[PDB]
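Chains as they are written, first to last, in PDB author numbering: chain B, -1 to 90; chain C, -1 to 90; chain E, 0 to 90. Since the structure comes first, as structure tokens, the remarks are kept for the end.
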Amino acid sequence: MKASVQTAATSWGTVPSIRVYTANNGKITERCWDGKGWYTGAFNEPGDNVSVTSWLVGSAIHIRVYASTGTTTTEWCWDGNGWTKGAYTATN
Amino acid sequence: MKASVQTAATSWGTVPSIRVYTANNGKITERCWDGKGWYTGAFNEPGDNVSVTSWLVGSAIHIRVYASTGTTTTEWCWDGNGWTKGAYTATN
Amino acid sequence: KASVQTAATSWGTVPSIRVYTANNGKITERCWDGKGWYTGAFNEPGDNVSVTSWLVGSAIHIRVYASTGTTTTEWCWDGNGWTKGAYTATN
Ligand SMILES: O=S(=O)(O)c1cc2c(O)c(c1)Cc1cc(S(=O)(=O)O)cc(c1O)Cc1cc(S(=O)(=O)O)cc(c1O)Cc1cc(S(=O)(=O)O)cc(c1O)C2
Ligand SMILES: O=S(=O)(O)c1cc2c(O)c(c1)Cc1cc(S(=O)(=O)O)cc(c1O)Cc1cc(S(=O)(=O)O)cc(c1O)Cc1cc(S(=O)(=O)O)cc(c1O)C2
Ligand SMILES: OC[C@@]1(O)OC[C@@H](O)[C@@H](O)[C@@H]1O
Ligand SMILES: OC[C@@]1(O)OC[C@@H](O)[C@@H](O)[C@@H]1O
Ligand SMILES: OC[C@@]1(O)OC[C@@H](O)[C@@H](O)[C@@H]1O
Ligand SMILES: OC[C@@]1(O)OC[C@@H](O)[C@@H](O)[C@@H]1O
Ligand SMILES: OC[C@@]1(O)OC[C@@H](O)[C@@H](O)[C@@H]1O
Ligand SMILES: OC[C@@]1(O)OC[C@@H](O)[C@@H](O)[C@@H]1O
């Protein structure tokens, strides 16, 4: 037997904002916290595995989510215009 | 399930402090580095999968560990005085 | 089939990003510093991977936790190649 779900998390600021990504049944979904209750975020993309990182540029948050199915990893980018596909490629 | 290690890691400051969480045999445990050697930490909760994030408020560390068993993810919170279950829920 | 597993870290405001992929028992690394993705020097065995990093001034320090079976090896970047770290556990 093995685990059936897999998560990744990032956070920023002192409130804080938290984003938790869960890969389950080939789909990644997003839960969000910014100090007043958990809610479902806009991120919804295919994937059996997820990782995430984020950084601030001044006050603006930038998020990168790496979603993998099979040997294909797709990078998704939050830069202030919704989620967009990133340039990331890998030869797996 | 059969013995098998999966980890998550976070760090803070410049020393740094590092915390590494290991899921194995249905339990998540914690190893700690504060600049002078590895030692075992207080975190010990059920789980087959783990992710983590942390943030500083001044010099106080806050840690959130997302422990998953089956399709249920439980958030565990360190805010300076023991690990407590957080409000996180998801619908997996 | 078999799905790869990744871990990611980033630093600064450009930013720099490092993405580690565990694929068929080996962990490799892809890198971004603002001018395209390229393959990094990290190459170690592992079924599972996590990562963290911190800045000391402008200098990045990266720790990659690579696990096979019940054994986790820490790999350390401190400016001059990857070295095995002191991390141990009794899994
Ligand atoms: O040393 S190895 O990791 O190569 C190994 C492989 C297999 C093995 O059967 C064993 C070791 C022996 C063994 C060890 C353990 S442990 O003490 O937990 O390490 C447990 C078992 C076992 O046979 C029993 C066992 C439990 C389960 S579960 O509880 O349902 O998860 C599944 C299995 C078990 O054998 C099936 C199994 C899985 C796996 S896999 O590593 O998950 O692919 C390898 C082997 C297996 O027989 C095939
Ligand atoms: O395009 S699909 O991904 O849908 C596809 C599905 C199946 C397929 O048979 C193929 C493609 C053809 C095919 C492609 C490739 S590839 O060029 O590398 O992408 C490889 C294979 C293949 O049949 C060979 C193959 C490899 C493996 S593995 O080495 O263990 O990963 C498993 C299988 C293979 O056929 C079995 C298999 C699994 C599955 S699963 O449902 O995804 O588990 C679907 C199909 C399969 O043939 C059924
Ligand atoms: O405030 C919620 C939100 O906009 O935060 C940034 C990203 O996590 C988005 O997916 C998410 O919907
Ligand atoms: O989203 C914009 C972008 O340039 O940000 C830095 C890296 O994440 C790149 O892969 C990505 O295309
Ligand atoms: O000093 C060690 C410790 O208190 O650090 C904060 C948390 O990681 C705790 O679980 C851990 O025991
Ligand atoms: O103080 C604990 C808590 O409020 O911290 C912020 C979030 O992690 C919440 O889910 C959690 O319950
Ligand atoms: O500039 C690329 C590089 O040196 O960056 C630091 C580490 O990620 C190394 O593995 C990598 O080769
Ligand atoms: O300089 C390497 C080292 O001391 O860095 C801090 C920790 O990652 C240790 O396990 C590691 O050996």
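For each residue, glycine too, the CB sits at the ideal point set by N, CA and C.
- When DSSP reads this structure, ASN42 of chain C sits in a beta bridge with C:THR27.
- Going down the chain, each residue whose beta-carbon is closer than 7 Å to a heavy atom of ligand 6 shows up: B:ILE16, B:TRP31, B:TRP36, C:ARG62, C:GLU73, C:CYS75, C:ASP77, C:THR82, C:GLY84, C:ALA85, C:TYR86.
- Counting C-beta atoms within 10 angstroms of its own C-beta, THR82 of chain B has fewer than 16 neighbours from the protein chains shown and is therefore classed as exposed.
- Distance from the CA atom of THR72 of chain E to the CA atom of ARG29 of chain B, rounded to whole angstroms, is 31 Å.
- The criterion of a C-beta distance shorter than 9 Å is satisfied by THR20 of chain B and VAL48 of chain B.
- If you look at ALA58 of chain B, you'll find it in the beta strand (DSSP E) that goes 58 to 67.
- Counting the other CB atoms within 10 Å of its CB gives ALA40 of chain C a total below 16, which places it among the exposed residues.
- Secondary structure note for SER49 of chain E: its beta strand (DSSP E) is the uninterrupted segment 47 to 55.
- The beta carbons of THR70 of chain B and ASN22 of chain E sit about 11 Å from each other, so the pair does not count as a contact at 8 Å.
- Along the region 18 to 45 of chain C, going in chain order, the ones with a CB nearer than 9 Å to a CB of chain E are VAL18, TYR19, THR20, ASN22, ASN23, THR27, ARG29, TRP31, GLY35, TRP36, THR38.
- If the five residues before and after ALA85 of chain E are omitted, its C-beta is found closer than 8 Å to the C-beta atoms of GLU73, all from its own chain and listed in chain order.
- Exclusion of the five residues before and after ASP32 of chain E leaves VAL13, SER15 as the residues of its chain whose Cβ lies within less than 7 Å of its Cβ.
- The C-beta separation of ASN90 of chain C from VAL3 of chain B comes to about 6 Å, placing the pair in contact by the 8 Å criterion.
- In the displayed model, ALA88 of chain C falls within coil according to three-state DSSP, outside both helix and strand.
- For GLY68 of chain C, the chain B residues whose Cβ falls inside 9 Å of its Cβ are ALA1, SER2, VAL3, in order along the chain.
- Contact of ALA88 of chain B with chain E is assigned, a C-beta pair being separated by under 9 Å.
- DSSP lists no bridge partner for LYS34 of chain B.
- Counting along the chain, the unbroken beta strand (DSSP E) around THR72 of chain E starts and ends at 70 to 76.
- A straight line joining the alpha-carbon of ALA7 of chain B with that of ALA65 of chain C spans about 11 Å.
- CA-to-CA, the gap between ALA88 of chain C and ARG62 of chain C works out to about 15 Å.
- Separation of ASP77 of chain B and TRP53 of chain B (C-alpha to C-alpha, rounded to the nearest whole angstrom) is 10 Å.
- Each residue's CA atom was taken as its position, placing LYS34 of chain C and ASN79 of chain E some 22 Å apart.
- Secondary structure at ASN22 of chain B: strand, using DSSP grouped into helix, strand and coil.
- Apart from sequence neighbours up to five positions away, the residues of its chain that approach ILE26 of chain B with a beta-carbon distance below 8 Å are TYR19, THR20, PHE41, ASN42, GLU43, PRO44, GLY45, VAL48, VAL63, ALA65, ordered along the chain.
- Of the heavy atoms belonging to ligand 8, at least one sits nearer than 8 Å to the Cβ of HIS60 of chain E.
- Neighbours of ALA85 of chain E across chain C, judged by C-beta separation under 9 Å: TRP31, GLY35, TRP36.
- Straight through space, the alpha carbons of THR38 of chain C and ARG17 of chain C are spaced by roughly 10 Å.
- At least one beta carbon of chain C lies nearer than 9 Å to the beta carbon of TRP53 of chain E.
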